[PDB]
Each structure stands twice: as structure tokens, then as C-alpha cells.
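In what follows, a single structure is set out as C-alpha cells and then discussed.
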Amino acid sequence: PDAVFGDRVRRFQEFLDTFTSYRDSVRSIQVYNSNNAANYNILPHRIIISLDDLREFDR
Amino acid sequence: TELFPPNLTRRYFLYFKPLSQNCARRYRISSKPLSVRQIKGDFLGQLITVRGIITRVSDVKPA
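Right, dumping it as C-alpha cells:
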């Protein structure tokens, strides 16, 4: 692939700032689900990407 | 010459039985009486008990 993969990789460095505010969110939702499952004696994998973090600076 | 497949001479079966007593509160779940409603997930290929009301009883046929 180099043409069909290049703007993937250039995005692969681009959108990592578009989850500066979600890279906390995506791990905080599982660390207790990993915790409570080890001490029982639950949420799906939802990563809401807003428009705002992908329209202010990528066209 | 053909040996017996192991299914020929059994004349017996197997069974299983889980637990929901204070041994679950001793130290550690797989036998909470879940309903039918929440069951479609990773609970496919496991051992789960479900309560209910039995309807549509067929007969006994030789398999």
C-alpha cells in the first residue's frame, strides 16, 4: 500500500492530539471494570469523537 | 480388525452441579440466577442457570 496508507499514518500522528481530552476517558472507564471484576464479592467500548476536535484544525 | 469406539460400552452418563451457598461468600459467581434478558453476550459456550416457567412439553423419543 504506500498511497492508500500514507494519509492513514499522517492521520495516525494527527488524531492523537484529537484525543488529548479522551485519552484519560478511554482508560478511566476500564480500570475500575478491571477492578470490580476482580472483587465482585460492564460497559461497552464507546469512544465518542466529537466534531469539534476534528473540524477546528483538519480539513 | 476394528476396536470399539468408546461410546459403545458406557451404560452410564455424566452430570454437573454448581454452587450458590456461603462457599461463594467464603473466598473467590458462575451460578447467580440471571434472567433470559441479559444473556446474549459472552455467555455462549458456558454453564449458566436460568429460572423460568416450563411450557410446551413434547414427548420422549429414542435418539
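Chains as they are written, first to last, in the deposited numbering: chain i, 17 to 57, 91 to 108; chain m, 189 to 216, 220 to 254.
Quick reminder that beta carbons are idealized off the backbone N, C-alpha and C, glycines included.
- Nearest CB-CB separation between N57 (chain i) and chain m: below the 8 Å threshold.
- Going by C-alpha positions, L32 (chain i) is about 11 Å away from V25 (chain i).
- The C-alpha of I244 (chain m) is placed about 14 Å away from the C-alpha of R228 (chain m).
- Under the 8 Å criterion on CB atoms, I239 (chain m) is classed as non-interfacial with respect to chain i.
- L196 (chain m) is not a Cβ neighbour of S221 (chain m), given a cutoff of 8 Å.
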